[PDB]
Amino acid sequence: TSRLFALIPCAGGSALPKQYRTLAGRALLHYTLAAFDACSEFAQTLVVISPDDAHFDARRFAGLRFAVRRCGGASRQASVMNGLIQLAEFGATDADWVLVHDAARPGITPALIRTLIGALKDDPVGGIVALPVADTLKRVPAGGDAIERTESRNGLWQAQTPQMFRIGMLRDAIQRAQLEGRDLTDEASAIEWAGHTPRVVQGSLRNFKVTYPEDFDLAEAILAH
């Protein structure tokens, strides 16, 4: 009876926001929306943008099934929480699932989404897609390129998105951290501070986060193919 909602958080002489940057003809956000659009089991996809956003153009995402609300906040933290609250308009309850995905990971696929769903649908908490740390870890002090020592990678995973939790538990988790003045990284860390135990499901290398110009080039090679 737990339905599936998708939540895509977006933020704004600053340059163009990353989610609107062109990747092989299409905007960056388009790949995330298309991935969730291909999954008809979702109730609705919600894009959260800033109320001052003057770059979002709905016609560039035509034919895709999603809704957009300008309920953005100061941080990604607030933007997610406001989105969870906003989901109640679409008939969402606190018992329903929400998948929060970073638009900076355009390599997301319906196959990876459905793998996460099928692996955590019966979990009391939920979890995230992640990759085990494969590379040797080197500690390099700030302000220098010199290696101090090698750090153990035993039991370390690289977190990815989407992150699958229930709306009620996640909203209250982010709420509690916002009041405590705790700056979080992802939705999983919120669940962790709230006292729950999130799960990891095997992710993918093509689900990497783009940031640097070279990451766009790789993504343009992986995608559009």
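Each residue number is its position in the shown sequence, starting from 1.
Participant: Could you bin the unmodelled part of the deposited chain lying between residue 12 and residue 13 as none, 1 to 3, 4 to 9, or 10 or more?
Facilitator: Per the record, 4 to 9 deposited residues are absent between residue 12 and residue 13.
Participant: Pick between 52-60 and 196-204: the one whose mean CA B-factor in the entry is higher.
Facilitator: On average, C-alpha B-factors are higher across 52-60.
Participant: So which stretch wins on mean C-alpha B-factor, 32-40 or 179-187?
Facilitator: It is 179-187.
Participant: Comparing recorded Cα B-factors across 65, 70, 26, 171, which one is largest?
Facilitator: When the deposited C-alpha B-factors of 65, 70, 26, 171 are compared, 26 is largest.
Participant: Please work out which residue in 99, 142, 84, 119 has the highest C-alpha B-factor recorded for this crystal structure.
Facilitator: Reading the PDB entry, the winner on C-alpha B-factor is 142.
Participant: Within this chain's modelled residues, let me know which third the CA B factor of residue 114 belongs to: lowest, middle or highest.
Facilitator: As the PDB entry reports it, the C-alpha B-factor of residue 114 lands in the middle third of its chain.
Participant: Rank-wise, by C-alpha B-factor, drop residue 74 into the lowest, middle or highest third of its chain.
Facilitator: Highest third - that is where residue 74 ends up once the chain's C-alpha B-factors are sorted.
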